[PDB]
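A single chain comes next, written as structure tokens; it is the form described as "closed state" in its entry title.
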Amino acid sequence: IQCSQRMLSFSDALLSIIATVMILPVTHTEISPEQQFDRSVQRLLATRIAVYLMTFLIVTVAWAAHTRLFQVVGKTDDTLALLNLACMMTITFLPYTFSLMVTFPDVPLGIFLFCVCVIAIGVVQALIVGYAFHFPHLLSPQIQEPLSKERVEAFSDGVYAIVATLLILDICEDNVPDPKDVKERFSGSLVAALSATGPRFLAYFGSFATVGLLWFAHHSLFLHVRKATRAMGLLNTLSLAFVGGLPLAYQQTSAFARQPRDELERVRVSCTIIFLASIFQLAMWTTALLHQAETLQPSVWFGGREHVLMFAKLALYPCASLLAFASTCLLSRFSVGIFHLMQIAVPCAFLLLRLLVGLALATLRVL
């Protein structure tokens, strides 16, 4: 009998990466001025977004099934480890089946391959369960539907890390200039290319700050969570699904970004993505507050010491993105400036959150 922590952690990392890499087809979508007014390319972009969401949810379902299985397994062995590796191999091939299905929906080949993959996952999991029940010592103590917190945490961490890596790869792809381009612009001057590419560098830091602050909010939330209910897990899955779309909002090399579009439209899309990513974390927090005794620690109970702090932590980004979208809709003049100011201000608010909470609550109490 061996400990099963590392095996499940590796499974979580693999599955998170597999679920998050479904956004790449969306990022690489190409639209040009010649095809700007064509309907097919717009419909294709929309369908690709939908496909990304569906594939993310499928991979998440598979991961949850694996977690429920290894909650009963408990202790792993060499045989069970190899069988879990086979199950991971089977799950990883789902992306290819869905790619085939997307390329050829009417043809039944992709459907058959997807069904065969699901059936292989099923038989492998059934073999693992039968092996564990055959040998009592392997099973968990309780045997011999809240999901486990550690698994959810690992999956979320993997998703966020992959998003950040996508951002930095986009920077590495776009910002670097070519020798011929440098020579044509100026007489072999790279300082000038740096001067021309600085805003891109700063936008990268802004995007990474956004992702890191969202992760910080999620981490602070799950630190205070005694138990994670199934509803909280579903809301977390939705939040992660909409977190995977951040590259679509904060990428320059992406063919998606390189299309005829107005600045206000890009700002609106990015704000909507951020709001959708953060509102589901806020919903997790509220749902946990409903059943505070079981799903939360005493500190974050209603009227607790850190309740207001956590509420502000999780409501900072949603309210800010909603304000940015409202400014885009109403003012129509300073929207981009408001969005950039918010991008650079939300970090500062996070760093000084406790002092702001204190001063605000004190001022409201006095008056």
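What we label the rigid core is the largest C-alpha set whose atoms superpose within 1.5 Å from one form to the other. One rule holds for the numbers: they count along the sequence shown, beginning at 1.
In the deposited sequence, the stretch from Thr286 to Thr287 has no residues without coordinates, so the chain runs on without a break.
Form described as "open state" in its entry title: not shown, discussed below.
A 2 Å or larger CA shift between this form and the one not shown, after fitting on the rigid core, occurs at just one of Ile279, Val159, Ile171, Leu235, namely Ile171. After superposition on the rigid core, the Cα atom of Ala193 is displaced by 2 Å or more between this form and the one not shown. Relative to the superposed core, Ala203 undergoes a C-alpha shift of no less than 2 Å between this form and the one not shown.
Superposition of the core reveals a Cα shift of 2 Å or more for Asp181 between this form and the one not shown.
By 3 Å or more, the C-alpha separation between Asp170 and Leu323 grows in the other entry relative to the form shown here. The Cα-Cα distance between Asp38 and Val267 is shortened by 3 Å or more in the other entry relative to the form shown here.
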